[PDB]
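Per PDB author numbering, the sequence shown starts with residue 30, numbered consecutively.
To start, the structure under review is shown below, and the notes come after it.
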Amino acid sequence: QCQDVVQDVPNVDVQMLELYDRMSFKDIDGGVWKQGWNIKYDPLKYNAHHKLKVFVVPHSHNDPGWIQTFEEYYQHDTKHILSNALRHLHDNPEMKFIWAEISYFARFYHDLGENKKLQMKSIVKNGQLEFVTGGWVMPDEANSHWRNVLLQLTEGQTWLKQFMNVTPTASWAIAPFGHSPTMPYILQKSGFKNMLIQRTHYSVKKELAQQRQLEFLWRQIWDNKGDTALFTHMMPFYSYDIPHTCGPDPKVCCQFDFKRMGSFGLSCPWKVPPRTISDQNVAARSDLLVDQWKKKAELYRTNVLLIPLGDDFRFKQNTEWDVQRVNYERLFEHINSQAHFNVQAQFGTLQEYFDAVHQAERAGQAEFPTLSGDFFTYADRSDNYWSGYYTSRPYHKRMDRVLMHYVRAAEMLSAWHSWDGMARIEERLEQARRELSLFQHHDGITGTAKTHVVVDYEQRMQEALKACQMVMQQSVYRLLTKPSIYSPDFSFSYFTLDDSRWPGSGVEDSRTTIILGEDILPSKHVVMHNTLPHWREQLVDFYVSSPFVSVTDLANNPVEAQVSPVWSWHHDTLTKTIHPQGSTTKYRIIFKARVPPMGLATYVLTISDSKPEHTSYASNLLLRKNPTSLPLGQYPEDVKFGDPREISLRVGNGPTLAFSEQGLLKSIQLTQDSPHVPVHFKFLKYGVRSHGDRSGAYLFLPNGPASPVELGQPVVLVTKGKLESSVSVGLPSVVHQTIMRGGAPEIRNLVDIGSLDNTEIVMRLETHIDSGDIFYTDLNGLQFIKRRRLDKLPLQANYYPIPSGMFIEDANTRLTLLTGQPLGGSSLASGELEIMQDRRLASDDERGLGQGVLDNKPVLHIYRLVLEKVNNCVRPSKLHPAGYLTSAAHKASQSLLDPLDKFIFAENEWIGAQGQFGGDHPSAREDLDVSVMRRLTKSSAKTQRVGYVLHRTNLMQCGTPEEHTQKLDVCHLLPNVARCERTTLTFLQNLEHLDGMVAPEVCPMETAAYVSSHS
Ligand SMILES: OC[C@H]1O[C@H](OC[C@H]2O[C@H](OC[C@H]3OC(O)[C@@H](O)[C@@H](O[C@H]4O[C@H](CO)[C@@H](O)[C@H](O)[C@@H]4O)[C@@H]3O)[C@@H](O)[C@@H](O[C@H]3O[C@H](CO)[C@@H](O)[C@H](O)[C@@H]3O)[C@@H]2O)[C@@H](O)[C@@H](O)[C@@H]1O
Ligand SMILES: *[C@@H]1O[C@H](CO)[C@@H](O)[C@H](O)[C@H]1NC(C)=O
Ligand SMILES: [Zn+2]
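Okay, structure coming up:
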């Protein structure tokens, strides 16, 4: 039944990796079409029985934050655009307009009076104003997680269904910097039939244009059958503005942007202005315009032509609506009445274009090619590759993944119950979803906005995190308190969240210490949540005010624990060293939590007057010349000192790691007998060019290969414990930490680029794996795509997004690096992986931001590093464009993106506390996730509805029997099920009524949505 995603290489007309291997990428001057050629056409192609049908589609690109904040743009620009669109479309029944960004549209519509809301609904209902995509934003496609692309699509489309009674089936993505197949994947599973893209490499546009392959059926790289295919239109020219949308010659097209005559403060760079259309010049003007159109039409297969008419924050002033509409109407009247042109031109919408194209297709006038692959890394000209934004503003890139998980956890924890309106649960969740959705914008997560705009996004995300926390902690109190005792105050904090990795040690002192003492409080309840649908163990840590603390479960069973010091690193501006200081009053307690699928587990921390039986203490070794003492208060083991030296550590039965005298990994030995496999971490720096084009927020233009960071003799701290050991080193700009808990290590970098201008800090792994020119990186946390390093392209072109992981492998060995944040990276030589940590750039890179990147702040980046033998794995053939994780690497990714949540009871005594929730939840196969659980109804609905998105990844078969799990039927997770339906991923359309009210599990690489109804 399920397609095999490993063993069958899809047959497609265009496969982008194969295309890349054969293309030359020469940047030659093509004439007026600078990156193309002089298009020729036969005037006799079109005649009375075969006309060229031209749709001119007015639009206005509205950024939800970029050079101004969302609200600043709304007040200065977008409210006027929407108000004038309402008036002008109402008064001119033939005029049309498309709208993409529902964040703005919702902000506007809710401020309208009823009379105007009704006028607005009427111009939508009658097809004059058409929503395209309908997401909250037009998201970045490189750094965004697929879960958040879905979240923002759903937020916008749910608003549209509710208020406008429409669901777009055509997507418009004119602005993201390069394009991902994650988009057609999600859109096709959300009812879409068509999509449009624009920012692809100029060489790719030229190559596909030559073959008339700019319209294609875009399927996923593993899809043999083609059921994922989505019809895609790629625009052919350098920009989506008017000069680059009428045809190949911008000097001509610019004369048809009637906003550029002077009074609006705009002009044509090509030095020939628009002229008002009159009876005396309409023939000559129409000659010029129709020639452009016929040239553009040569690049496509049907007699239906799309002509976008818009640009950034256009259609603001009434006078602008008039100047565009009246002049185009005069052109249409002339062109359409002159039989010799054999053109019928008119204003249209995006859907009208695609409907006409498919009519031509069904008439047998065209067949379209199939395509798989992606469209990264984008270059718009010369060697200007937009790989800088894979890293820019990495603090907020990390924040995105933290909030991603908090939103999921809050929606899931609160979904189990119906909530009174006074609890404000729906209100807080809507705020959290909207702020996370806003940040998916192609100037949000990308790090390409002005400083004060980044601050705005950060503030919004902080508010969203507080909202998630409130919802989460109220939900835990309800789920774990005896119902007849449960007595909620919906404003009260029953628990506080404890997060060990955000903002992170050295970033913010934000974690509460659990305060215990014989004269204040003997013990404290803590609760862990596991959002994943399988039983999970994970080490968890809390700060406590005594080293003498023991852990129990709620059956009072002792739990083995480890206590370690609290270490903070300081750039000592007196001694000019970076070194750690230990607390003499706060300590870390660490223990293994075991939590049910989608469940909760309670533990108790209790103080005693001396070392407890079931708690051990880590040893600590500070390696440096010229040590001074490090007292640790009551901590029972004295810190040891030594000169820098190589060291080796092993936790449990796990790998043995060896480190250099500078505290950096040099080798990994998987088992007792096995080789010490060379795996070396190194930090390097890229610079900026001193002549020619400068790196900025968008572009990465290095002045050659990276140079090693000079390390000096750094201070190394080794902590050795039964449950957790670590090696931490204070390097220039980076406190680098390797943590061992018995499996693949965790890596944490506290990155503070300080005042190092024009520097990019990279973390590289050096191995002897014979990977050649091949490596793999993920797309949106959804799939791994094969990359080939191309020495015919510059270094920055071989950088790709690393939104969640990357790997290299040979016949026998693979190294996978999983990330807790999207960053840029590559494999620039056989056996290497590298990933950029931060970048600080003094110059603007001429893309409109008008500033460099000088607002850096300390960030804690997190990773897992998985070395594995892969000789026994069933891998795709050499020609397959995909790769797949192993079980260990997938689990390591989940440990970073969706860790256990930790809650500390806030008061002294928790009356009616219970030990566990979800112990009867099915424990699903490891490749299955419940990506979303969301209650879709408020408490006043007679029939309650709960939505689930179920995703199954595909993990490699490597010989592990891995057995007995339970079937997960999401429709039976809540009692009193009356109906189970399969829906689109946005939950907005029912696709199948399910027998037995049973939701089937999905196939590998598939994602399905289900809604259960409850009486
Ligand atoms: O590029 C990614 C970006 O795409 C869209 O926005 C693109 C904008 O492109 C054009 O503006 C580029 C110029 O903008 C500035 O204001 C300046 O920063 C300028 O640089 C000069 O000055 C710099 C000072 O630091 C200097 O460093 C540099 O060397 C330059 O000398 C930029 O060159 C425009 O197309 C702009 O659109 C406005 O202007 C149009 C032309 O007049 C109008 O037709 C239009 O209505 C609008 O008023 C674009 O906004 C967005 O998609 C964005 O999301 C994305 O990040
Ligand atoms: C919404 O659209 C449908 C047609 O798609 C129509 O039948 C219905 O009356 C419209 N108004 C609603 C649903 O309120
Ligand atoms: Zn934009």
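Beta carbons are placed, not taken as given, at the ideal position from N, Cα and C, and that holds for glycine.
- Within its own chain, the residues whose Cβ lies closer than 6 Å to the Cβ of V573, once the five positions on either side in sequence are excluded, are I543, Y616, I618, listed in chain order.
- Distance check between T406 and each of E991, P823, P298, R1011 places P823 closest, using alpha-carbon atoms only.
- The three-state reading of DSSP puts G834 in strand, counting E and B together.
- In the three-state DSSP reduction, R176 falls in the helix class (H, G or I).
- In the three-state DSSP reduction, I891 falls in the strand class (E or B).
- Within 6 Å of the C-beta of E236 there is not a single heavy atom belonging to ligand 1.
- Within the model, the alpha-carbon separation for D449 versus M441 is close to 17 Å.
- Sorted by chain position, residues whose beta-carbon lies closer than 5 Å to a non-hydrogen atom of ligand 3 are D92, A204.
- Assignment of beta-bridge partners to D930 by DSSP yields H558.
- As for any alpha helix (DSSP H) of minimum length 4 sitting wholly inside the segment 296 to 356, the runs are 311 to 326, ordered along the chain.
- CA-CA distance, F84 to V153, rounds to 18 Å.
- In this structure, the CA atom of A493 is about 15 Å from the CA atom of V483.
- Taking C-beta atoms under 8 Å as the contact rule, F376 and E123 qualify, at a distance of about 6 Å.
- Closer than 6 Å to some heavy atom of ligand 1: that does not describe the Cβ of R718.
- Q986 has its alpha-carbon roughly 31 Å from the corresponding atom of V431.
- Nearest to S922 by C-alpha distance, out of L889, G810, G881, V1027, is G810.
- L894 has its alpha-carbon roughly 11 Å from the corresponding atom of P684.
- Contact check between the segment 895 to 915 and the segment 740 to 754: fewer than three CB pairs, one atom from each, fall below 8 Å, which does not count as touching.
- When DSSP states are grouped into helix, strand and coil, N827 belongs to the helix group.
- Counting only residues of its own chain and dropping the five nearest sequence neighbours on each side, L1003 has a CB closer than 7 Å to the CB of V975, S1041, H1043.
- Between the segment 153 to 165 and the segment 789 to 804, the count of C-beta pairs closer than 8 Å stays below three; the two stretches do not touch.
- Secondary structure note for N113: its alpha helix (DSSP H) is the uninterrupted segment 108 to 120.
- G725 is not a Cβ neighbour of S416, given a cutoff of 7 Å.
- In this structure, the CA atom of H109 is about 7 Å from the CA atom of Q346.
- Per DSSP, reduced to three states, the secondary structure at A773 is coil, with no helix or strand assignment.
- In this structure, the C-beta of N194 approaches ligand 2 to less than 6 Å from one of its heavy atoms.
- Beta-bridge partners of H208 (DSSP): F404.
- As a beta-bridge residue in DSSP terms, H600 pairs with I607.
- The residues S443, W448, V500, in chain order, have a CB closer than 6 Å to that of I454 in the same chain once the five nearest residues on each side in sequence are set aside.
- Listed in chain order, the alpha helix (DSSP H) elements of length 4 or more contained wholly in the segment 357 to 412 are 379 to 391.
- Collapsing the DSSP output to three states places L811 in coil.
- In this structure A238 is not in contact with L179, their Cβ atoms being roughly 32 Å apart against a cut-off of 8 Å.
- Scanning its chain for C-beta atoms nearer than 7 Å, with the 5 sequence neighbours on each side dropped, one finds around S689 the residues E675, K695, in chain order.
- In the pairwise beta carbon analysis, the segment 720 to 738 is classified as not touching the segment 627 to 634: fewer than three pairs are separated by under 8 Å.
- Look at the segment 480 to 550 and you find these whole runs of alpha helix (DSSP H), each 4 residues long or longer: 480 to 508.
- Rounded to whole angstroms, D320 and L334 show a C-alpha spacing of 13 Å.
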